[PDB]
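Just the one chain here, the form deposited in one PDB entry, laid out as structure tokens.
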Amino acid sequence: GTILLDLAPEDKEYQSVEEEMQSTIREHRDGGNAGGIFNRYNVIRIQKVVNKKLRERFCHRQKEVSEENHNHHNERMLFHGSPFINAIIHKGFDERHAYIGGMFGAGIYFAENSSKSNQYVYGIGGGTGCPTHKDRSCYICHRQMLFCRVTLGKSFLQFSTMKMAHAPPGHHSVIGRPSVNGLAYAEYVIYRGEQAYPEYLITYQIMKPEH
């Protein structure tokens, strides 16, 4: 099964991960309603998810994809946030838990910006916030997000992704690109759980802006 390996802060691997997270905090047009109001995170833990079988599934799919993508599996490190993280780190991603509805198709979404994924830690639009205080901007409760290896293969670009069940023929992923009457940032979508490996499990808190 899965083994979570704690990384130490002096480890350069820890420092890269936290830097990518801290440096990708972006401005969201919702006044912080979904993910809360914060300028930085308090990263309190970064664990490496080690799962032999899960890795083998990932690499096997990566091979299939590469052969259909002129030998480029096109892997990318991206963020993912959702209430399913504990289940994911133990069994791997599962597209069976992805449904068409609202602004999303039946795929698993990833973001280049940590702050975007933070908006989904407690559910779509931040849900009702943390379980304990029902505060989307809770500075107390610990949140978790994943920094994963994502096999994109041949990506199909489009503006809306809310009605997708699978990637278009010949493709392995879909990228929702920004538009004036639509998305603010790009969203990476896969429709097969095995196209993502939850490399790092980040435990953190958003920090209140300093006075």
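What we label the rigid core is the largest C-alpha set whose atoms superpose within 1.5 Å from one form to the other. When you see a residue number, it is the position in the sequence shown, counting from 1. Only residues modelled in both forms are compared.
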| task | Indicate yes or no: is residue 99 absent from the model in at least a third of the other PDB entries of this protein that were compared? | result | yes
| What about residue 181, is it left unmodelled in a third or more of the other PDB entries we looked at? | yes
| remark: Comparing mean C-alpha B factor in the record for 174-182 and 38-46, the higher one is 174-182
| 126-134 versus 94-102 - greater average Cα B-factor per the deposited record | 126-134
| Which third of the chain does residue 149 land in by C-alpha B-factor: lowest, middle or highest? | middle
| query | Where does residue 190 sit by CA temperature factor within its chain: lowest, middle or highest third? | reply | lowest
| remark: The third of the chain into which the C-alpha temperature factor of residue 206 falls is the lowest
| said: Quick check on the deposited entry: does the C-alpha B-factor of residue 162 sit in the lowest, middle or highest third of its chain? | reply: highest
| request: Grab the CA temperature factor for residue 86 from the record and place it in the lowest, middle or highest third of its chain. | output: middle
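Omitted here: the form deposited in another entry. The next part is about that form.
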| Identity of the moved residue from 85, 103, 138, 77, C-alpha shift 2 angstroms or more, core fit between the shown form and the other one | 103
| request: Could you tell me whether the Cα atom of residue 161 shifts by at least 2 Å between the shown form and the other one after core superposition? | output: yes
| Against the shown form, C-alpha atoms of residue 119 and residue 162 in that other deposited form: closer or farther, for a change of 3 Å or more? | farther
| Against the shown form, C-alpha atoms of residue 194 and residue 102 in that other deposited form: closer or farther, for a change of 3 Å or more? | closer
| query | Do any runs of 3 or more residues shift their CA by 2 Å or more between the shown form and the other one on a core fit, and if so, which ones, in sequence order? | reply | 100-104, 160-162
